[PDB]
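Undergrad: For reference, the file input-v5.cif (mmCIF, C-alpha atoms (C1' of nucleotides)) is included below:
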```cif
data_protein
#
loop_
_atom_site.group_PDB
_atom_site.id
_atom_site.type_symbol
_atom_site.label_atom_id
_atom_site.label_comp_id
_atom_site.auth_asym_id
_atom_site.auth_seq_id
_atom_site.Cartn_x
_atom_site.Cartn_y
_atom_site.Cartn_z
ATOM 1 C CA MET A 1 -38.827 19.832 11.821
ATOM 2 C CA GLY A 2 -36.063 17.371 12.627
ATOM 3 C CA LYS A 3 -35.634 15.542 15.916
ATOM 4 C CA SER A 4 -34.139 18.234 18.161
ATOM 5 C CA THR A 5 -33.733 15.724 21.009
ATOM 6 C CA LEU A 6 -31.652 12.656 21.815
ATOM 7 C CA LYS A 7 -33.240 9.929 23.920
ATOM 8 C CA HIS A 8 -31.855 9.543 27.424
ATOM 9 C CA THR A 9 -32.491 7.281 30.423
ATOM 10 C CA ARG A 10 -32.105 7.879 34.159
ATOM 11 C CA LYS A 11 -32.242 5.606 37.206
ATOM 12 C CA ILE A 12 -34.451 6.826 40.060
ATOM 13 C CA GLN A 13 -34.647 4.852 43.296
ATOM 14 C CA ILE A 14 -38.146 4.523 44.759
ATOM 15 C CA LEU A 15 -39.296 3.451 48.209
ATOM 16 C CA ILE A 16 -42.866 2.384 48.925
ATOM 17 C CA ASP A 17 -44.574 5.180 50.881
ATOM 18 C CA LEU A 18 -46.486 3.137 53.448
ATOM 19 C CA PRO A 19 -46.397 3.249 57.259
ATOM 20 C CA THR A 20 -46.176 -0.474 58.081
ATOM 21 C CA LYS A 21 -44.074 -3.393 56.874
ATOM 22 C CA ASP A 22 -46.905 -5.706 55.843
ATOM 23 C CA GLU A 23 -48.441 -3.261 53.360
ATOM 24 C CA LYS A 24 -45.009 -2.589 51.848
ATOM 25 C CA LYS A 25 -44.419 -6.340 51.579
ATOM 26 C CA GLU A 26 -47.809 -6.848 49.931
ATOM 27 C CA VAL A 27 -46.984 -4.156 47.364
ATOM 28 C CA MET A 28 -43.508 -5.598 46.749
ATOM 29 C CA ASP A 29 -44.896 -9.115 46.305
ATOM 30 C CA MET A 30 -47.496 -7.737 43.893
ATOM 31 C CA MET A 31 -44.707 -6.105 41.880
ATOM 32 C CA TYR A 32 -42.659 -9.323 41.850
ATOM 33 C CA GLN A 33 -45.800 -11.000 40.514
ATOM 34 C CA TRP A 34 -45.888 -8.217 37.921
ATOM 35 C CA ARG A 35 -42.341 -9.142 36.878
ATOM 36 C CA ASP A 36 -43.208 -12.825 36.540
ATOM 37 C CA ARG A 37 -46.366 -12.099 34.554
ATOM 38 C CA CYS A 38 -44.461 -9.700 32.287
ATOM 39 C CA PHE A 39 -41.804 -12.287 31.451
ATOM 40 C CA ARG A 40 -44.387 -15.015 30.811
ATOM 41 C CA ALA A 41 -46.212 -12.462 28.679
ATOM 42 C CA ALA A 42 -43.128 -11.675 26.593
ATOM 43 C CA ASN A 43 -42.733 -15.395 25.927
ATOM 44 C CA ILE A 44 -46.393 -15.717 24.889
ATOM 45 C CA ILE A 45 -46.172 -12.755 22.485
ATOM 46 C CA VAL A 46 -42.990 -13.964 20.822
ATOM 47 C CA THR A 47 -44.361 -17.470 20.277
ATOM 48 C CA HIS A 48 -47.657 -16.110 18.953
ATOM 49 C CA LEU A 49 -45.837 -13.814 16.529
ATOM 50 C CA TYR A 50 -43.639 -16.670 15.327
ATOM 51 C CA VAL A 51 -46.304 -19.259 14.558
ATOM 52 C CA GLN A 52 -48.453 -17.385 12.044
ATOM 53 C CA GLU A 53 -45.589 -16.642 9.647
ATOM 54 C CA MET A 54 -44.880 -20.358 9.464
ATOM 55 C CA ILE A 55 -48.581 -20.951 8.777
ATOM 56 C CA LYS A 56 -48.097 -18.508 5.894
ATOM 57 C CA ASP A 57 -45.118 -20.567 4.738
ATOM 58 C CA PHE A 58 -47.200 -23.747 5.006
ATOM 59 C CA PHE A 59 -49.921 -22.284 2.790
ATOM 60 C CA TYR A 60 -47.322 -21.010 0.311
ATOM 61 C CA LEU A 61 -45.809 -24.493 0.130
ATOM 62 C CA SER A 62 -49.326 -25.894 -0.301
ATOM 63 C CA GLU A 63 -50.514 -23.836 -3.275
ATOM 64 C CA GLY A 64 -48.254 -20.792 -3.429
ATOM 65 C CA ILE A 65 -50.903 -18.790 -1.589
ATOM 66 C CA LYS A 66 -50.142 -15.112 -0.956
ATOM 67 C CA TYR A 67 -51.480 -15.084 2.619
ATOM 68 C CA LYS A 68 -50.367 -11.942 4.459
ATOM 69 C CA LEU A 69 -50.836 -10.552 7.969
ATOM 70 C CA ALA A 70 -53.950 -8.399 7.667
ATOM 71 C CA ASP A 71 -57.539 -8.283 8.851
ATOM 72 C CA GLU A 72 -59.729 -10.446 6.624
ATOM 73 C CA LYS A 73 -62.397 -7.735 6.840
ATOM 74 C CA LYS A 74 -59.920 -5.438 5.047
ATOM 75 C CA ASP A 75 -57.982 -7.926 2.884
ATOM 76 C CA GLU A 76 -58.990 -10.942 0.808
ATOM 77 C CA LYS A 77 -55.654 -12.665 1.474
ATOM 78 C CA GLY A 78 -55.667 -11.626 5.135
ATOM 79 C CA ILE A 79 -56.033 -14.366 7.735
ATOM 80 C CA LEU A 80 -56.035 -12.298 10.920
ATOM 81 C CA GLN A 81 -59.384 -11.357 12.453
ATOM 82 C CA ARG A 82 -57.927 -8.083 13.805
ATOM 83 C CA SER A 83 -54.677 -6.132 13.958
ATOM 84 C CA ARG A 84 -51.618 -8.244 14.755
ATOM 85 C CA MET A 85 -50.575 -6.247 17.811
ATOM 86 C CA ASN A 86 -54.173 -6.621 18.977
ATOM 87 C CA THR A 87 -53.930 -10.396 18.505
ATOM 88 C CA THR A 88 -50.843 -10.657 20.714
ATOM 89 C CA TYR A 89 -52.284 -8.240 23.275
ATOM 90 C CA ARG A 90 -55.518 -10.246 23.410
ATOM 91 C CA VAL A 91 -53.852 -13.651 23.667
ATOM 92 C CA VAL A 92 -51.833 -12.374 26.615
ATOM 93 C CA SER A 93 -54.520 -10.283 28.348
ATOM 94 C CA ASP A 94 -57.153 -13.032 28.315
ATOM 95 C CA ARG A 95 -54.854 -15.078 30.565
ATOM 96 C CA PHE A 96 -52.926 -12.511 32.630
ATOM 97 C CA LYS A 97 -55.598 -9.864 33.263
ATOM 98 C CA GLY A 98 -56.633 -9.054 36.816
ATOM 99 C CA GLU A 99 -53.140 -9.656 38.232
ATOM 100 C CA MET A 100 -50.940 -7.045 36.538
ATOM 101 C CA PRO A 101 -51.881 -3.885 34.628
ATOM 102 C CA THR A 102 -52.501 -3.898 30.893
ATOM 103 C CA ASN A 103 -50.239 -0.937 30.075
ATOM 104 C CA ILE A 104 -47.271 -3.215 30.752
ATOM 105 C CA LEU A 105 -48.804 -5.546 28.178
ATOM 106 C CA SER A 106 -49.271 -2.757 25.636
ATOM 107 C CA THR A 107 -45.714 -1.465 26.042
ATOM 108 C CA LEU A 108 -44.203 -4.953 25.810
ATOM 109 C CA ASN A 109 -46.390 -5.765 22.800
ATOM 110 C CA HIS A 110 -45.243 -2.668 20.932
ATOM 111 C CA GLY A 111 -41.608 -3.207 21.909
ATOM 112 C CA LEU A 112 -41.550 -6.747 20.535
ATOM 113 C CA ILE A 113 -43.787 -6.368 17.467
ATOM 114 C CA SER A 114 -41.746 -3.392 16.241
ATOM 115 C CA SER A 115 -38.519 -5.411 16.332
ATOM 116 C CA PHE A 116 -39.900 -8.675 14.951
ATOM 117 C CA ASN A 117 -40.878 -7.079 11.636
ATOM 118 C CA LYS A 118 -37.296 -5.866 11.225
ATOM 119 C CA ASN A 119 -36.071 -9.355 12.171
ATOM 120 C CA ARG A 120 -38.339 -10.927 9.520
ATOM 121 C CA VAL A 121 -35.391 -10.825 7.098
ATOM 122 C CA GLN A 122 -33.233 -12.850 9.498
ATOM 123 C "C1'" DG B 1 110.762 5.996 69.610
ATOM 124 C "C1'" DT B 2 105.798 5.483 69.387
ATOM 125 C "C1'" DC B 3 100.702 6.452 69.310
ATOM 126 C "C1'" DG B 4 96.431 9.421 68.729
ATOM 127 C "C1'" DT B 5 94.765 13.945 66.283
ATOM 128 C "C1'" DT B 6 93.776 17.356 62.969
ATOM 129 C "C1'" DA B 7 93.428 19.402 58.591
ATOM 130 C "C1'" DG B 8 93.687 19.084 53.808
ATOM 131 C "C1'" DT B 9 93.297 16.482 50.096
ATOM 132 C "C1'" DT B 10 91.477 12.443 46.983
ATOM 133 C "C1'" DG B 11 88.418 9.097 45.206
ATOM 134 C "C1'" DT B 12 83.808 7.911 45.088
ATOM 135 C "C1'" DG B 13 78.726 8.265 45.397
ATOM 136 C "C1'" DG B 14 74.075 10.600 45.054
ATOM 137 C "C1'" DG B 15 71.244 14.467 42.907
ATOM 138 C "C1'" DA B 16 69.682 18.689 39.602
ATOM 139 C "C1'" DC B 17 69.353 19.881 34.272
ATOM 140 C "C1'" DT B 18 62.228 25.975 30.871
ATOM 141 C "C1'" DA B 19 57.753 25.974 29.092
ATOM 142 C "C1'" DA B 20 53.605 24.494 24.578
ATOM 143 C "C1'" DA B 21 52.793 20.170 21.080
ATOM 144 C "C1'" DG B 22 53.107 14.740 20.052
ATOM 145 C "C1'" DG B 23 53.304 10.027 21.430
ATOM 146 C "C1'" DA B 24 54.359 4.884 15.606
ATOM 147 C "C1'" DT B 25 57.836 1.026 16.832
ATOM 148 C "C1'" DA B 26 59.986 -5.284 18.041
ATOM 149 C "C1'" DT B 27 60.935 -8.296 20.733
ATOM 150 C "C1'" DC B 28 65.837 -15.940 19.033
ATOM 151 C "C1'" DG B 29 67.539 -20.242 21.000
ATOM 152 C "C1'" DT B 30 62.914 -26.501 21.750
ATOM 153 C "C1'" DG B 31 63.372 -32.395 25.268
ATOM 154 C "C1'" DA B 32 60.045 -36.574 25.381
ATOM 155 C "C1'" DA B 33 56.324 -39.067 27.096
ATOM 156 C "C1'" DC B 34 52.222 -40.273 29.840
ATOM 157 C "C1'" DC B 35 48.410 -39.042 32.855
ATOM 158 C "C1'" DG B 36 44.795 -36.200 34.427
ATOM 159 C "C1'" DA B 37 41.334 -32.730 33.927
ATOM 160 C "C1'" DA B 38 36.985 -30.801 32.323
ATOM 161 C "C1'" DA B 39 34.536 -29.152 28.626
ATOM 162 C "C1'" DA B 40 31.920 -30.469 24.948
ATOM 163 C "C1'" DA B 41 28.270 -33.464 21.897
ATOM 164 C "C1'" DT B 42 25.496 -37.164 21.160
ATOM 165 C "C1'" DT B 43 21.712 -39.938 22.355
ATOM 166 C "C1'" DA B 44 17.115 -41.622 24.687
ATOM 167 C "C1'" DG B 45 12.549 -40.745 26.069
ATOM 168 C "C1'" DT B 46 6.547 -38.887 25.661
ATOM 169 C "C1'" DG B 47 1.679 -37.342 22.304
ATOM 170 C "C1'" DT B 48 -6.032 -34.894 22.462
ATOM 171 C "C1'" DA B 49 -11.282 -33.459 21.204
ATOM 172 C "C1'" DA B 50 -15.838 -32.452 22.492
ATOM 173 C "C1'" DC B 51 -18.959 -32.646 25.607
ATOM 174 C "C1'" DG B 52 -23.899 -31.100 29.849
ATOM 175 C "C1'" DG B 53 -25.617 -26.890 32.109
ATOM 176 C "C1'" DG B 54 -24.528 -22.132 33.565
ATOM 177 C "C1'" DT B 55 -22.537 -17.841 33.176
ATOM 178 C "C1'" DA B 56 -18.568 -13.979 32.516
ATOM 179 C "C1'" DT B 57 -17.476 -10.989 28.481
ATOM 180 C "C1'" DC B 58 -17.606 -9.192 23.357
ATOM 181 C "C1'" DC B 59 -20.210 -7.224 18.678
ATOM 182 C "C1'" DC B 60 -24.634 -5.972 16.598
ATOM 183 C "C1'" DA B 61 -29.471 -4.441 15.994
ATOM 184 C "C1'" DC B 62 -33.608 -2.246 17.899
ATOM 185 C "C1'" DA B 63 -36.745 0.442 21.290
ATOM 186 C "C1'" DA B 64 -37.790 3.930 24.439
ATOM 187 C "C1'" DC B 65 -46.660 5.049 20.804
ATOM 188 C "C1'" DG B 66 -50.544 7.598 20.299
ATOM 189 C "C1'" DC B 67 -55.732 7.648 20.467
ATOM 190 C "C1'" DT B 68 -60.711 6.426 22.166
ATOM 191 C "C1'" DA B 69 -64.158 4.756 25.185
ATOM 192 C "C1'" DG B 70 -66.255 3.186 29.913
#
```
Could you spell out this file's structure in structure tokens?

TA:
Amino acid sequence: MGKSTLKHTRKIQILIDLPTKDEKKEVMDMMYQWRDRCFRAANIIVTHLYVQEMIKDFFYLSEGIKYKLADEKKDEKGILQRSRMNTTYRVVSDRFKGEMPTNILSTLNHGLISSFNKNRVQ
DNA sequence: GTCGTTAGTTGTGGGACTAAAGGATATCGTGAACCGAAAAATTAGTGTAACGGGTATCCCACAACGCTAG
């Protein structure tokens, strides 16, 4: 069956449901920290998904090697030790865990790794 | 005999002359010379290119997951 839906987005205002000011402020500061960690994360993922392609290019300029993004346990020419999205998610979680939730990391990882493969041509 | 009055001319001046349509004209004669006025035309003079961050907008492409284990 075809897609019988069209994606849509709505803006819902939310207040923090706490009695006192200090708890609300603690939650709001935690969420601002979440913002900062998310942006630093996005930077880390994009750098870490740039570098390896240029390592591929380096090897190809060395001996025309056909190195490709795949787990070496599943590919002879693979260099990665796991799935690429897992590599970015790991290299961001190992540093930013315990401060902001990991679902933000997973969503950001998917959102950037999906687009970067399309941007490979450019 | 003479002077004002009245009526009847007599000459002279001012005012009329359907309605409807249409509706073209041609218009001489010559004396000079200098000064002033304003309206017009010609001429003389000055010139950019990219750059730093930071941020307002545009076009243009893509995303907006699903499953398993502690």

Undergrad: Using all atoms listed in the file, tabulate the residues of chain B lying at most 9 Å from any atom of chain A, each with its closest atom pair and that distance in Å to one decimal, by chain and increasing residue number, as JSON lines.

TA:
```
{"residue": "B:62", "atom": "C1'", "partner": "A:115", "partner_atom": "CA", "distance": 6.0}
{"residue": "B:63", "atom": "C1'", "partner": "A:111", "partner_atom": "CA", "distance": 6.1}
{"residue": "B:64", "atom": "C1'", "partner": "A:7", "partner_atom": "CA", "distance": 7.5}
{"residue": "B:65", "atom": "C1'", "partner": "A:110", "partner_atom": "CA", "distance": 7.8}
```

Undergrad: So which residues get picked by the PyMOL selection byres ((chain A and resi 58-71) around 12) here, written as a PyMOL selection string?

TA: chain A and resi 49-57+72-87+117

Undergrad: Rounded to one decimal, what separation in Å do you get between atom CA of residue A:42 and atom CA of residue A:95?

TA: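 Here the two named atoms are 12.8 Å from each other.
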
Undergrad: What is the distance, in Å and to one decimal place, between atom CA of residue A:34 and atom CA of residue A:92?

TA: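 It comes out at 13.4 Å.
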
Undergrad: From the list A:37, A:48, A:11, A:3, which residue is nearest residue A:100 when using only C-alpha atoms?

TA: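 Using only C-alpha atoms, the shortest distance to residue A:100 belongs to A:37.
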
Undergrad: Given the file shown, enumerate the residues that the PyMOL selection byres ((chain A and resi 40) around 12) captures and present them as a short mmCIF file (atom, residue, chain, number, x, y, z; two decimals) with C-alpha atoms, in the coordinates of the input.

TA:
```
data_model
loop_
_atom_site.label_atom_id
_atom_site.label_comp_id
_atom_site.auth_asym_id
_atom_site.auth_seq_id
_atom_site.Cartn_x
_atom_site.Cartn_y
_atom_site.Cartn_z
CA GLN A 33 -45.80 -11.00 40.51
CA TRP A 34 -45.89 -8.22 37.92
CA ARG A 35 -42.34 -9.14 36.88
CA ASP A 36 -43.21 -12.82 36.54
CA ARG A 37 -46.37 -12.10 34.55
CA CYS A 38 -44.46 -9.70 32.29
CA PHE A 39 -41.80 -12.29 31.45
CA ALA A 41 -46.21 -12.46 28.68
CA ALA A 42 -43.13 -11.68 26.59
CA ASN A 43 -42.73 -15.40 25.93
CA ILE A 44 -46.39 -15.72 24.89
CA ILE A 45 -46.17 -12.76 22.48
CA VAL A 46 -42.99 -13.96 20.82
CA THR A 47 -44.36 -17.47 20.28
CA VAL A 91 -53.85 -13.65 23.67
CA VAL A 92 -51.83 -12.37 26.62
CA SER A 93 -54.52 -10.28 28.35
CA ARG A 95 -54.85 -15.08 30.56
CA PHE A 96 -52.93 -12.51 32.63
CA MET A 100 -50.94 -7.04 36.54
CA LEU A 105 -48.80 -5.55 28.18
CA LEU A 108 -44.20 -4.95 25.81
#
```

Undergrad: So how far away is atom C1' of residue B:67 from atom CA of residue A:98, in Å?

TA: 23.4 Å
